[PDB]
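Next up is one chain by itself, shown in structure tokens, the form deposited in one PDB entry.
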């Protein structure tokens, strides 16, 4: 009952901050752009420093005209609404939020380690204790996000950020959605799609547990379990239900992946009667102290290079381009809701 009431109290903070969302609470002159952390068609992510507080934050700017053009406002609606209503040690904290002419802004806590993708690719493959450390944080995050009826729908190393102490900070909530029944929106990444999403059928929260099985596989092997020359061959492999494990996979890891990467929805872990405890009690997490992970008392097996503050040594410099501002408010009526 000690954990059953904690999540019940977390659902109260959620629904409270959910029905009446936050409002604009800063000006763009408070933060100067130091360097570009990321970019895309919808917008960009810059490293900005608080001129009134002397600290760094992560400012994600989104071009308002482009968001209307790419048919993504609802995804910006839900992402902004979910990121202010949730609170978890492994989720990113939306420090500030303020709309402006031609742009929308989201000031998040600056994660100094970058994506897990770069570290995994650089290192090659994580060890099972190293991967078990990262998998546990995802399990406790999926357990808390599922209690709030939320589905993440885009789990991949490109959207997992390693903070300063070696822990995981989840960022991209573009396809996040609060839903109690089922959904039918085809979204994600081909290598990480569950077989039901591929067969154009209705899917539920169990697709987040298929992604966990793919994610653990990629961390422990260095490559995803379903890859091919053409995306159609990837969709064929996923629905086929055949997974080949590397030589160095422990028998316990092979068992957990066979339960997670289960094409049969009625036998997949996390979607059974016992719920999330199917995975936390597995013999692979038999060295994991879950409460110590949540309290963040477990020593990290890997620490990102953080010799000094403001160092983007773990990110890519890209090209530095300023933000185009207008005198005419490009804010559509929907952007009032943000």
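Residue numbers count along the first chain shown, from 1. For clarity, a rigid core is taken as the largest C-alpha set superposing within 1.5 Å between two forms.
Coordinates for residue 54 are present in every one of the other compared entries of this protein that model residues on both sides of it, well short of the third needed to count it as often missing. Among the other PDB entries of this protein that were compared and that flank it with modelled residues, residue 22 is modelled in all, so it is never left out in a third of them.
Taking the mean C-alpha B-factor of each stretch as recorded, 173-181 and 132-140 are not equal, and the higher mean is that of 173-181. A summary of the deposited B-factors shows that, of 293-301 and 306-314, the stretch with the larger mean C-alpha value is 306-314. For the set 288, 65, 281, 271, the PDB entry assigns the largest Cα B-factor to 65. Placement of the Cα temperature factor of residue 79 within the chain: middle third of the modelled residues, per the deposited record. Per the deposited record, the Cα B-factor of residue 99 falls in the highest third when ranked against the other modelled residues of its chain. Sort the chain's modelled residues by C-alpha temperature factor and residue 266 lands in the highest third, per the entry.
In the deposited entry, the Cα temperature factor of residue 127 places it in the lowest third of its chain's modelled residues. In this PDB entry, residue 105 carries a Cα temperature factor that places it within the highest third of its chain's modelled residues.
Not on display, but discussed next: the form deposited in another entry.
Candidate set 27, 281, 274, 287; criterion, C-alpha shift of 2 Å or more between the shown form and the other one after rigid-core fit; matching residue, 27. Comparing the forms between the shown form and the other one, the C-alpha position of residue 159 differs by less than 2 angstroms, with the core used for superposition.
Positional change of residue 46 between the shown form and the other one reaches 2 Å or more at the C-alpha, relative to the superposed core.
The two forms, fitted on the rigid core, differ between the shown form and the other one by 2 Å or more at the CA of residue 71.
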